[PDB]
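This document starts with one chain, in the form deposited in one PDB entry, laid out as structure tokens.
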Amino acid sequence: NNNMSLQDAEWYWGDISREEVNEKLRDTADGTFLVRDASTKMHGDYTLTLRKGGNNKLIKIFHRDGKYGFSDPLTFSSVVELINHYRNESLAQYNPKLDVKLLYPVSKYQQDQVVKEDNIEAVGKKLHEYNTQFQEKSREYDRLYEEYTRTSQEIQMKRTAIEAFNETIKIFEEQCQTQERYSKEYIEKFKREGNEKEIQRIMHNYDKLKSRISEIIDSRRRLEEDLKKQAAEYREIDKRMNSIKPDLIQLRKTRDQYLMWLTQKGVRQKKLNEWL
């Protein structure tokens, strides 16, 4: 009675693509498996897909003259028997380097039931609820990703300008230290003998330097305050994108599971592109 039909097994999936099985074994415990039809689309081939060691192993099931199995001594009556022989004995009996059992079958009726109410009057409305809420999120997500890269490029322009002030201020201050020690103890004091040279030539010059030196330090400080404010709004736009991104994987999964259990299976309906 454990040898039921292969078409009613929970771990058998028919013809699904290789890239659609990679979305079902992604980050699962070593021992998860399912069976599907071989990629050639000749019937009676039945590739097994096993999760082991972080990878997805891919094992072929051969079909000599009404027998099944892995190697050339085919000694099983059917696929459902072969799968059950290894849900209790490890696969090391086939390949010693493949020491694992078939533990956690990826069932078809565990997650397909995630959708409910197989009416067509119901799921059409539940598809309309999700297709509106889903694409309203993407209009709120990809807007933030637009404001995010623009705020990133304006942070980087400001930080380069701050380095331009730091190099500019660094040459004035070295220019006032040569004004005095290079010139204002050995030419000013030496020839101070009742001159009109002091108050205009040296003093009036050096006092318009310091007026110019500090005017540079007041534009640096005004820019440094708009960078602190600009780097704070850049972390608030990165918090909001981290709380919208999780909500928007859940909607796509709860929304796509409707399109492939009522509108394509319960009824062959060309209204799905008309529902939406």
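Residue numbers here begin at 1 and follow the sequence given. For clarity, a rigid core is taken as the largest C-alpha set superposing within 1.5 Å between two forms.
Across the other PDB entries of this protein whose models span the neighbouring residues, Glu117 goes unmodelled in a third or more.
The discussion below concerns the form deposited in another entry, not included here.
Large C-alpha shift between this form and the one not shown, rigid core held fixed: of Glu89, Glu198, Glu81, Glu147, this applies to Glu198 alone, with a displacement of 2 Å or more.
Here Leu103 does not count as shifted, since its C-alpha moves by less than 2 Å between this form and the one not shown after the core is aligned. Relative to the superposed rigid core, the position of the CA of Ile16 differs between this form and the one not shown by less than 2 Å.
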